[PDB]
Amino acid sequence: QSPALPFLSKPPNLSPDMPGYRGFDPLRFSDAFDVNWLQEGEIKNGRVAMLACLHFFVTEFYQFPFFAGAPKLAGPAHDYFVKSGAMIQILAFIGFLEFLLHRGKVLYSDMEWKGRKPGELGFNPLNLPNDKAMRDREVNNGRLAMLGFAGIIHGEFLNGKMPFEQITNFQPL
Amino acid sequence: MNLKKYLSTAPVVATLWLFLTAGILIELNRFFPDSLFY
Amino acid sequence: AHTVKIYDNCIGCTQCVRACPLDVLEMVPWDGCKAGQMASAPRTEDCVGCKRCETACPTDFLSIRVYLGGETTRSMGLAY
Amino acid sequence: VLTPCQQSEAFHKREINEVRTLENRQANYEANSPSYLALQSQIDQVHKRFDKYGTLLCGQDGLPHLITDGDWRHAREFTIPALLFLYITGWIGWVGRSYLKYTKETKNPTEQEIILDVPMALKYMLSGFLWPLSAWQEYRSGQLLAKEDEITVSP
Amino acid sequence: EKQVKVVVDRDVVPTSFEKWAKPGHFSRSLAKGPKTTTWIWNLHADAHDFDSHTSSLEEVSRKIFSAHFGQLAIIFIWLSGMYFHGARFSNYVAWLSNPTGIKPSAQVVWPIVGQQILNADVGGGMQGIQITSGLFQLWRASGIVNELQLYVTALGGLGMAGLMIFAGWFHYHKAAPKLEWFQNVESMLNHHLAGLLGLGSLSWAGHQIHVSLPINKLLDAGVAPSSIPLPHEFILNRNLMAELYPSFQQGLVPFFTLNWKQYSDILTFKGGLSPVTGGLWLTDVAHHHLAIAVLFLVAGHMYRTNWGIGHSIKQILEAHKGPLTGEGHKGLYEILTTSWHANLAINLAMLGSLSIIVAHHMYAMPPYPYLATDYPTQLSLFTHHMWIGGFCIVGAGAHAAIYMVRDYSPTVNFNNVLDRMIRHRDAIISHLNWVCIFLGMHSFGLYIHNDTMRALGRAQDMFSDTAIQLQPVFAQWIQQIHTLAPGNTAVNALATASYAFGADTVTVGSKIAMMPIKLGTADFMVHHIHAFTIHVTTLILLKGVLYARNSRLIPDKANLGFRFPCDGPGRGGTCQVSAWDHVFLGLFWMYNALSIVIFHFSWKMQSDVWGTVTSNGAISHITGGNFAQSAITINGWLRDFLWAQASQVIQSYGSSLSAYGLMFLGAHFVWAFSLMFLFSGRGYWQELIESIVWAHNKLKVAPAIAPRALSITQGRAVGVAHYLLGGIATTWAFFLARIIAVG
Amino acid sequence: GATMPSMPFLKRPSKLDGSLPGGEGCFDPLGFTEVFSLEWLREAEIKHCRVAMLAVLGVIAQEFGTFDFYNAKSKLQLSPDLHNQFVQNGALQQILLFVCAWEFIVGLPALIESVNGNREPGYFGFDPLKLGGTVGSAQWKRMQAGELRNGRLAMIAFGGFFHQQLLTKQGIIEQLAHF
Ligand code: CLA
Ligand code: CLA
Ligand code: CLA
Ligand code: CLA
Ligand code: CLA
Ligand code: CLA
Ligand code: CLA
Ligand SMILES: CCCCCCCCCCCCCCCC(=O)OC[C@H](COP(=O)(O)OC[C@@H](O)CO)OC(=O)CCCCCCCCCCCCCCC
Ligand SMILES: CC1=C(/C=C/C(C)=C/C=C/C(C)=C/C=C\C=C(C)/C=C/C=C(C)/C=C/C2=C(C)C[C@H](O)CC2(C)C)C(C)(C)C[C@H](O)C1
Ligand SMILES: CC(C)[C@H](C)/C=C/[C@H](C)[C@H]1CC[C@@H]2C3=CC=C4C[C@@H](O)CC[C@]4(C)[C@@H]3CC[C@@]21C
């Protein structure tokens, strides 16, 4: 009955109205876990992965003269900025923004979607359209970036080359 | 035929959780052996 | 020579008399419960202290209390 | 008195003794064959372990001694692991307490205790990542400590 | 005449997981919810007690047939595991090349927390934990030469386990036999005597004649295991068997012509141990299996089943009657056909006795090759079978008491042997108690007297060879008769059954395999100690079984049940009065008796049998003749055996045996933890739990399942379990470390 | 003679199975459906048929071309040496990774659904090209039966391929061309 898998049934918790509904859930994670919390988790995982992807793409071409030459590699750069103290400052302003966007309902048992939808954490400065088309485009690009970031960081783990540096004159393993 | 409920019983859930905990501890101990004074 | 004492919280369920193996307890008329009966211990000389009655009492706190005191041939359960 | 293990002759003597113990058994085997590689990995691990422990303090016996007085210089020795342990066990205790409080609201809490409700159990386990903050506000609201409990004769 | 027919019920029980989510479904009381923590313990305590679940014998019989299949499947999985470990993680081929130099090992420890040191340099390239289970010797005796056969055997075992799984499920959810089935004791006995044992021994004899005999003959002739022909080649090409054994040239014709004497090349009765490997001659073993198979097959046609010919067990039982036994064995047939507890008691006692006999016969006459030279394996096997036998014996007594309390019937047991025994149970127990007192005094008092004499410097007044002598003249005489049997009472036997009785010593690989075990005053005293301990433990068990229903202290123990805590603080005190408590005490006494028995075997073997032999025949034991004068005093038993031999288990740290040392300490802890549950009562723990519960209440973290202390009976069970576990583990680690470090 | 009911054997009493796609043979001489679920066995048979058809065609196709970037030092496709070398170079390790992913994430749910009586055994709804037509109608039941027969033949032919190669140390085409 599920659109993605016509041999299995659509999970009872999922619904077509929410953005990105393909009925793809063979392991039935929607069951045993709140549909709204899982949806919010997908939204934020995608947003954070999208930003991470842009970091890896624009890190090849360094643009911050204050920090000068950096390792440019995932592990080495993370370790370098963690020892430099900038990562402790980066961890900050994120948890603060998490406590601000959620209005204090950071915990899974506290978070309640009263008068909102999973992902509607304010942050609409331009007041652009928020219809289901834009929400579906958001979740789709978020999934594409969730997969892309993982592939990019894994490539950096095995090859050590940057994404666009690895795409050219591709080398097999 | 409610297998999920049985899998959710105290002995099964406890053994699964302790198995995962022990596995995590062991995996951490081979990847990071002889860990002391953090 | 154990002392068996019945308290006012007895509900007259007779379980103590039914569980006593030495015919030490019995049921007597009473007006402290709807059952109209209360446990009595008029043959405490035959008691041995097994406390089967204490175990068979349903009240919150045992309404029948057996106190182990003087020891005699009957109380020691000696067939020799 | 205590001196750094890197500057103590006992530490180096122990390292050499362990390496010798491994090499004695390693000599019996052949370079490239089952075993002999198994002992070489052990020797390398011994070298790394001693180089790692060289920063610790040890006396005459050469065994690394851990200072728990609370000195900041030795925070990594006991302070940091102590705080991390308290965090992990406070998380365990807080999630367990919340699960019990939820089960008591069901029709038959005993059945929930025997057959754990994986959904709600996981709901409370995933949460609580800020248990130190959740412990407070529960205490301030008065929802943590009780007032009257079971007490026997002679309270 | 009764038709021995099979009747079954189809789809009697549905196959579903619905009952899996309801723990305690098998019990009416346990299906109402826990309400306390005692329900968790009661759920497991009454899980396998099928007689308490339902009152129908048919259901219990089905629940037993199944679950027997499950245990058979569990045993097959364990066997498959042993074979797979031998094929994948063991130095079996290397051991075959050099059986005396290579130490058996089939376990490889992962390198994670420094435990890689446990991989001892057993040789053969691989390094692992030395196994003392005798798996290598057994496989060699079976003809295994390559690991491919071990892999195939492991796969076959897994398949057999799957079959025993399917059979167990099928005989409970697809075809459950009725009570008429399972009550056909004549048919069950005929089949088990002629098919399970008779045909089994016959098939094993055939395998030995066609696989074990030729392969082992070539192995003992200096042929490499890889160059030996495959087992199937010896069957297809008869020329090879003829060359190795000319008797095969005649074929099966001599068997059918009664010219059995032509099989003197394969069916021998040499009698002694092989001087090349130190074990029994495989030809004598094959001939033995053939004779035991023919004897069991003939015995399997005694009872009457679906035909006129045969015998009726009930008729035979009722026929045996005498003046001193009014009704004889009348009513026993109905007892053994209507109560599984009685059958389990008899079978457990016999199985335990059989295990003990197996231990004795296996050490005295090493059946497998190179088994005697591997002292670690010898010690482990004797001690292991001795312990399993003792446990099964105590279980036999426990089940006898269970039957007596629950399945006993006065009408069935009327004026018969059982009723007549219960009538004079006081004479039985008082006379047996008197025997126990006499044995303890004349056994332990001799040891105490020797301690007092040696401490006073009065060695001339001791019970030793130099001083007052107590020689086992009867046992020594039997040994001499056995020594002379191969020529005056065993005409066709070429050597004594066991070299432990006399004859000459056997040395394999510069190690003693089996030499005469001379008995002296020390053996006299130790054997009497063994008899004393056996008498006290049997007294405890017999007392518990005879008084299980009633006694002069508690006139209705049966109504109270078989497993109840006590009748209260009345009649002076009735603690541990139930039969279950008698089994609880018998466990400690059996442990004491068995511990002393294994101690005697270990010390005597290491001081007078196990050892090395230098060129020219010079013999040097592990502990040179110290048992003769050191085993006669408790101080010697503590200094020359417990202290001197423990140095190997305490100094094992830093080597591959360190694990044993660790287990040596852990066991102690457990043995000391048991004391907690044995010298304490649940009233105190309940009060402590009350205070802890108040602390929990003060934080709104109290559990719905009211925490309760362990039951009185459960506390006793936990205490005895920990005591036995700790003691047996301590002596296990001590025995294994001592025998592996030296010898 | 025979019994009251018949089976294609012509000497057997029909089992529980009746007339299923490709099951007109009712080939169950040994009781397998009387104790085990029919859906479970059907799912297993269809899974075997599919993996075996791919294996047969794969063995024949591998003997013509090896892509030139895979060592393939052994020209025997069903030989342990080729299996081990391809496992070491990571090709078969990756096939195992993704095949196990499919079985756990999708195969297990599919079998559970078919065991509960919802999904037809071996029905994954994969019909890119309308070759079978509408489900449960003409061109589908017949095609399903054809799939079953082709799969059974492929299973028997895969067993033959492996045994022949292991005994002659020659490929399928090589053995067909010579002796
Ligand atoms: C490797 C790829 C990957 C994948 C597959 C996931 C998947 C997931 N993440 Mg994660 N994430 C990742 C990378 C990934 N993440 C990385 C690299 C980071 C750091 C930048 C994060 C940071 C992150 C955060 C901060 C959180 C998640 C959360 C989640 C879950 C969201 C679903 C939900 O809301 O309900 C939950 C669905 C479940 C199936 C429960 C998960 C199962 C157990 C209970 C989790 C922990 C058990 C473990 C033994 C505890 C030890 C410590 C742990 C850190 C390993 C989901 C299972 C959220 C979450 O966990 O929900 C509370 C959330 O807190 N992610
Ligand atoms: C359950 C146990 C068991 C099992 C399963 C087997 C199984 C087997 N045994 Mg065996 N065996 C066993 C126990 C067992 N044995 C025992 C306890 C003994 C006594 C110690 C023997 C002694 C024995 C011998 C000596 C031989 C076998 C052989 C065999 C194999 C073929 C038997 C046969 O039919 O040849 C039949 C052989 C005959 C001679 C038939 C007798 C009557 C013929 C028809 C005479 C008429 C004349 C005719 C021209 C044949 C000339 C034969 C002459 C030249 C010998 C077979 C696989 C034979 C074998 O294959 O060797 C590897 C073999 O020779 N067994
Ligand atoms: C239960 C907790 C647990 C956890 C958290 C891990 C975590 C990890 N394991 Mg591990 N493992 C475990 C239990 C666990 N394992 C157990 C019980 C075994 C069997 C003894 C193994 C055997 C194992 C091997 C052989 C390897 C790992 C490896 C790894 C790392 C690979 C990366 C990864 O994310 O995979 C996550 C993995 C898991 C969450 C566990 C999945 C284990 C499955 C069953 C695979 C094992 C297959 C086994 C060989 C054969 C059948 C086993 C049977 C249980 C079905 C990793 C972080 C790899 C490594 O070393 O990294 C370089 C590797 O080679 N594990
Ligand atoms: C919800 C779980 C839970 C929580 C929050 C607590 C909390 C507390 N316990 Mg307690 N305890 C527990 C379970 C728990 N306990 C269990 C299962 C047992 C039986 C073994 C005990 C036995 C126990 C004793 C004997 C004592 C305490 C005491 C205490 C208090 C002081 C700390 C301590 O000594 O802990 C000690 C902890 C243990 C001895 C073992 C804990 C068992 C496991 C490892 C943790 C529980 C896991 C639980 C199943 C998780 C559920 C998760 C849910 C989401 C499904 C503290 C308030 C002390 C006290 O009286 O207060 C001053 C005290 O003396 N506890
Ligand atoms: C010659 C026929 C025969 C044989 C060989 C056996 C053998 C056995 N019986 Mg059995 N029995 C038989 C006839 C037979 N029985 C008959 C006719 C009856 C009815 C009167 C019974 C009633 C009976 C009961 C009530 C029980 C046994 C049990 C056992 C097992 C005892 C456990 C053991 O010692 O482990 C040894 C195990 C082995 C050596 C492995 C061998 C196993 C194979 C499959 C041989 C058994 C063949 C089997 C009897 C018939 C096959 C049926 C066919 C339709 C497949 C053993 C395998 C006990 C048991 O364990 O339950 C399962 C038990 O509870 N039997
Ligand atoms: C073929 C052998 C056999 C069989 C079939 C049975 C069968 C039975 N026994 Mg029996 N018994 C046996 C041998 C056997 N016993 C032996 C050898 C002994 C002496 C030890 C006893 C002593 C005995 C007693 C005293 C009682 C029974 C009882 C029972 C009945 C219920 C069992 C139950 O539900 O408890 C459930 C079983 C458990 C909860 C498991 C307990 C685990 C113990 C401590 C063993 C631990 C072993 C393990 C190696 C420890 C190390 C690992 C550890 C670190 C985890 C049942 C019909 C009981 C009965 O009749 O009901 C009134 C009863 O009271 N048995
Ligand atoms: C080796 C012997 C031994 C041991 C170890 C103990 C241990 C203990 N006794 Mg004790 N006791 C003993 C003998 C022993 N007793 C004897 C002979 C008596 C006379 C009857 C008493 C009478 C007694 C009383 C009256 C009291 C105690 C109390 C206690 C507890 C005190 C609090 C504590 O330290 O907790 C710490 C825990 C430990 C020391 C145990 C170690 C931790 C274990 C090994 C971890 C869990 C198991 C582990 C996972 C391995 C098993 C795995 C499984 C698969 C098998 C403690 C558990 C008091 C108490 O209840 O405290 C609140 C109490 O009031 N005991
Ligand atoms: C006296 C010659 C035997 C030497 C002693 C060792 C014999 C071993 C058998 C043990 C039982 C003792 C034999 C008499 C027993 C005997 O066979 O008597 C004969 C009698 C059996 O004859 P019935 O006429 O009853 O036969 C009908 C039934 O047996 C049907 O089969 O048994 C009894 O009824 C009494 C049973 C025990 C009577 C109490 C004696 C207990 C003492 C146990 C210690 C024995 C001595 C220890 C060794 C020194
Ligand atoms: C929310 C909102 C706004 C929107 C704000 C933001 C932040 C929008 C989106 C930002 C970012 C950074 C990313 C969005 C999507 C990112 C995607 C889809 C990245 C995908 C990565 C992929 C597919 C990786 C690809 C590869 C792989 C995996 C391997 C590499 O070897 C090479 C390579 C082929 C490149 C604004 C406009 C600011 C104001 C107001 O309107 C509110
Ligand atoms: C595992 C295979 C190899 C063997 C042959 C299986 C045989 C199964 C169990 C079947 C086949 C025919 C028998 C069979 C005939 C008819 C049926 C109907 C059905 O209600 C199942 C039982 C039942 C009454 C029995 C079960 C037992 C048998 C023997």
Subset of region E:294-317 that is assigned to a helix (DSSP H, G or I) and within 16 Å of ligand 2 (Cβ to nearest atom) - its residue that is nearest to the other protein chains (Cβ to nearest Cβ): E:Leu297
Selection from region E:582-628 of residues that are touching a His at 6+ places or on another chain (Cβ under 6 Å) and in a strand (DSSP E or B): E:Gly611
Some residue of region E:51-72 being over 30 Å from E:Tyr375 (Cβ atoms), in contact (Cβ under 8 Å) with a residue 40 or more places away in the chain and within 14 Å of chain B (Cβ to nearest Cβ): no
Contacts under 7 angstrom Cβ, first residue in region E:391-415 being away from chain C (no Cβ under 14 Å), partner basic (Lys, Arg) and within 16 Å of ligand 2 (Cβ to nearest atom), 6 or more apart: none
Members of region E:123-142 found to be under 28 Å from the mean Cα position of the chain (by Cα) and within 14 Å of chain D (Cβ to nearest Cβ), listed by number: E:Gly128
Filter result (more than 9 Å from chain C (Cβ to nearest Cβ) and either hydrophobic (A, V, I, L, M, F, W, C) or in contact with a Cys (Cβ under 6 Å, 6 or more places away or on another chain) (or both)) within region E:543-565: E:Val545, E:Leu546, E:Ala548, E:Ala558, E:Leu560, E:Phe562, E:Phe564
Scope region A:3-43; condition touching a residue at least 40 places away in the same chain (Cβ under 8 Å) and surrounded by 15 or more Cβ atoms within 10 Å (Cβ to Cβ); matching residues: A:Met18, A:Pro19, A:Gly20, A:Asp34, A:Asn36, A:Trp37, A:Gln39, A:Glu40, A:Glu42, A:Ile43
For C:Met38: the one exception among (1) more than 13 Å from chain E (Cβ to nearest Cβ); (2) part of a loop (DSSP other than H, G, I, E, B): (2)
Long-range neighbours under 6 Å by Cβ, at least six apart or interchain, first residue at the interface with chain E (Cβ under 7 Å from one of its Cβ atoms) and without any contact (Cβ under 8 Å) to a residue 60 or more places away in the chain within region B:1-13, second aliphatic (A, V, I, L, M) and in a helix (DSSP H, G or I): B:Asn2/E:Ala21; B:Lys5/E:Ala21; B:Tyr6/E:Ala21
Breaking point among (1) surrounded by 14 or more Cβ atoms within 10 Å (Cβ to Cβ); (2) of a type outside the set (D, E, K, R); (3) in a helix (DSSP H, G or I), for E:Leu470: (3)
Test for E:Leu381: is it part of a helix (DSSP H, G or I) and buried (at least 20 other Cβ atoms within 10 Å of the Cβ): yes
Residue in region E:318-338 that is β-branched (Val, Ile, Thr), away from ligand 2 (no atom under 14 Å from the Cβ) and touching a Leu at 6+ places or on another chain (Cβ under 8 Å) present: yes
Residue among E:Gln137, E:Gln127 that alone is farther than 30 Å from E:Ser16 by Cα, more than 16 Å from ligand 4 (Cβ to nearest atom), buried (at least 20 other Cβ atoms within 10 Å of the Cβ) and without any contact (Cβ under 8 Å) to a residue 24 or more places away in the chain: E:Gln127
Residue under evaluation D:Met125, criteria (1) touching a residue at least 24 places away in the same chain (Cβ under 8 Å); (2) buried (at least 20 other Cβ atoms within 10 Å of the Cβ), criterion not met: (2)
Every pair of residues 6+ apart whose Cβ atoms lie under 6 Å, when the first sits in region D:50-79 and is in contact (Cβ under 8 Å) with a residue 60 or more places away in the chain while the second is surrounded by 14 or more Cβ atoms within 10 Å (Cβ to Cβ) and in a strand (DSSP E or B): D:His65/D:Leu57; D:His65/D:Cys58
Flag if E:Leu553 is more than 14 Å from C:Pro21 (Cα to Cα) and either of a type outside the set (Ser, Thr, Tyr) or surrounded by 19 or more Cβ atoms within 10 Å (Cβ to Cβ) (or both): no
Every residue from region D:68-94 that is assigned to a loop (DSSP other than H, G, I, E, B) and surrounded by 15 or more Cβ atoms within 10 Å (Cβ to Cβ): none
Residue check for E:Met160: aliphatic (A, V, I, L, M) and away from ligand 10 (no atom under 16 Å from the Cβ): no
Qualifying position, being more than 16 Å from ligand 1 (Cβ to nearest atom), among the basic types (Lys, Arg) and more than 23 Å from the chain's Cα centre (by Cα), among D:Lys123, D:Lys147: D:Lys147
Leading residue by the ranking (farthest from ligand 5 (Cβ to nearest atom)) among those in region A:114-149 that are among the hydrophobic types (A, V, I, L, M, F, W, C) and assigned to a loop (DSSP other than H, G, I, E, B): A:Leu126
First in region E:516-541 and assigned to a helix (DSSP H, G or I), second anywhere and hydroxyl-bearing (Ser, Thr, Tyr), Cβ under 6 Å, 6 or more apart: E:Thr521/E:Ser464; E:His528/E:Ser443; E:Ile529/E:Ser443; E:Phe532/E:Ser443
Scan of region A:152-173 for residues that are without any contact (Cβ under 8 Å) to a residue 12 or more places away in the chain and within 16 Å of ligand 3 (Cβ to nearest atom), ordered by number: A:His154
Only listed residue being in contact (Cβ under 8 Å) with a residue 40 or more places away in the chain and away from ligand 6 (no atom under 16 Å from the Cβ), chosen from F:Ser6, F:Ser79, F:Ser74: F:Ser79
Candidate set from region E:684-710 (those that are within 14 Å of another protein chain (Cβ to nearest Cβ) and touching a residue at least 24 places away in the same chain (Cβ under 8 Å)); member that is nearest to ligand 1 (Cβ to nearest atom): E:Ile705
Members of region D:97-116 found to be at the interface with another protein chain (Cβ under 7 Å from one of its Cβ atoms) and acidic (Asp, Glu), listed by number: D:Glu111, D:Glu113
Of all residues in region E:16-37 being surrounded by fewer than 12 Cβ atoms within 10 Å (Cβ to Cβ) and assigned to a loop (DSSP other than H, G, I, E, B), the one that is farthest from the other protein chains (Cβ to nearest Cβ): E:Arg28
Exclusive hit being of a type in the set (D, E, K, R) and in contact with a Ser or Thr (Cβ under 6 Å, 6 or more places away or on another chain), set C:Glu54, C:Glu26, C:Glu71: C:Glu26
Residues of region C:60-76 satisfying the condition of being away from every other protein chain (no Cβ under 12 Å), out of contact with any strand residue (DSSP E or B) (no Cβ under 8 Å at 6 or more places or on another chain) and aliphatic (A, V, I, L, M): C:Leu62
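We did not get these values from a lab; they are worked out from the coordinates using the rules stated. Positions of Cβ are backbone-derived with ideal geometry, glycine not excepted, and every protein chain shown enters the neighbour counts.
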